[PDB]
Amino acid sequence: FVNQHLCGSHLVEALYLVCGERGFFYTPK
Amino acid sequence: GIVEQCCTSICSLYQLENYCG
């Protein structure tokens, strides 16, 4: 589900699912 | 940044995992 354009909340949701307990940082710049 | 690699271009699992903690 990760090999597409992911924008906004869609991208943050993908990071949440992929990273799991590792957490993540979201820096749109 | 993540937006340029995953939103304006096609994302990848490798790119997402770059931002995991």
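Method-wise, the PDB entry is recorded as coming from X-ray crystallography, at a reported resolution of 1.40 Å.

Draft legend 1. Quick look at the interface of chain B and chain A. Contacts between the two partners involve 18 residues from chain B and, on the opposite side, 19 residues from chain A. Connecting chain B to chain A are one salt bridge. The partner of B:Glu17 in a salt bridge is A:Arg22, with the nearest N and O atoms 3.3 Å apart. The tally of links from chain B across to chain A stands at six residue pairs in polar contact.

Draft legend 2. Representation of the packing of aromatic side chains within the structure. Inspection of every chain in the model, using the stated rule, returns one aromatic pair over all chains. Judged by centre distance (5.2 Å) and plane angle (70 degrees), the ring pair of A:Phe25 and B:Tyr19 falls under edge-to-face. Taken together, the positions of A:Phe25 in the segment after α1 (9-19) and B:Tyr19 in the segment after α2 (13-17) put the pair across two chains. When its relative accessible area of 45% is taken as the criterion, A:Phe25 is described as partly exposed.

Scoring rules and cut-offs
- Residues numbered from 1 in each chain as written, not as in the entry; some residues may be left out.
- Chains lettered and ligands numbered in written order.
- Heavy atoms only, no water.
- Contact = heavy atoms within 4.5 Å.
- Salt bridge = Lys/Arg side-chain N within 4 Å of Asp/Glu carboxyl O.
- Polar contact = N/O pair within 3.5 Å; in protein donor to acceptor, adjacent residues only side chain to side chain.
- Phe/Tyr/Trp six-rings, centres within 6.5 Å; stacked < 30°, edge-to-face > 60°.
- Helix = DSSP H or I, 4+ residues; strand = E, 2+ residues; numbered from the N terminus.
- Buried < 20%, exposed > 50% of the residue type's maximum accessible area, 1.4 Å probe, protein only.

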